[PDB]
Each structure stands twice: as structure tokens, then as C-alpha cells.
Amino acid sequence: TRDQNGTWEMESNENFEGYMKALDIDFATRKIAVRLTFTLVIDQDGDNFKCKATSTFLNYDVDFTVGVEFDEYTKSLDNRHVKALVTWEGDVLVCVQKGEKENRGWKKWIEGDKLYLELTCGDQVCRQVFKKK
């Protein structure tokens, strides 16, 4: 399915530190961030997405339209400027963040009532799995 609407509670988190280290997140923010569980709230209407990931400390907010390139200032993460583009590869939602970092982006897909998120930077791949609340 291409329907990722929902409130999604973290079930698994693998190699979050490696991804954040690849982004050069400072040590203290990174060490706290690796410890924390996230809820992902995805508000999707056709091609229009609003994605909010919340923890007790760090936050992530992005709005986009599938297939429309946009400037992203990554800000609360690594404070960089990228040219972001979100598209479908089958039922996998693929984001490429064009900029200083290679292989930077993410992939989101549904596999049996679970939402998978892959965060990529360089040769680092973080895998997070969420359950629909």
C-alpha cells in the first residue's frame, strides 16, 4: 500500500547513531537522541504529506508534495541546505536530499500493518520500524 497515514509508534531502531554520526550531529545531541523513542505522525492526502516525528527532546517536521522538488534546511538535525525530492518506487516512498552529503535521504514503506523507515547518509543505514496506534 501507498497509504502511510497514521500515528506510528516506534517498535525497533537499528543504527540510529551511525546515521546521525554520518550527518556530523554533535556528540551530546547525538548521544541523547540515540536513547529516545519516537512517534511518527503522518498526515497524507494524495501526494501531500506532513510528517512530524516527536520525542521528548528532538523534533522533526517536514511538509512536501510527492514529485515536487523543494529546498530543505535540515536545521534541527545537521543544519544544512539540501534539494529534497520525494517520489514513489513501487510502494516505497523515496526521498533524495541532494547536497554536500552522498547517499542522503530516506525510504518509507508499509509491510503488513508496520511502517518501515530507512534513513541513509554516506554508507550508514538506520532502520526504524513502527506499529500503527
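Residues carry their position along the shown sequence, with the first being 1.
The mean Cα B-factor in the deposited entry runs higher for 50-58 than for the other of 50-58 and 65-73.
Stretch comparison (87-95 versus 30-38) by mean CA B-factor in the PDB entry places 30-38 on top.
The maximum CA B-factor among the listed residues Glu9, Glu118, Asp113, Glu14, taken from the PDB record, is found at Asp113. Sort the chain's modelled residues by C-alpha temperature factor and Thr1 lands in the highest third, per the entry. Annotation for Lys107: C-alpha temperature factor in the lowest third relative to the rest of the modelled chain, per the entry.
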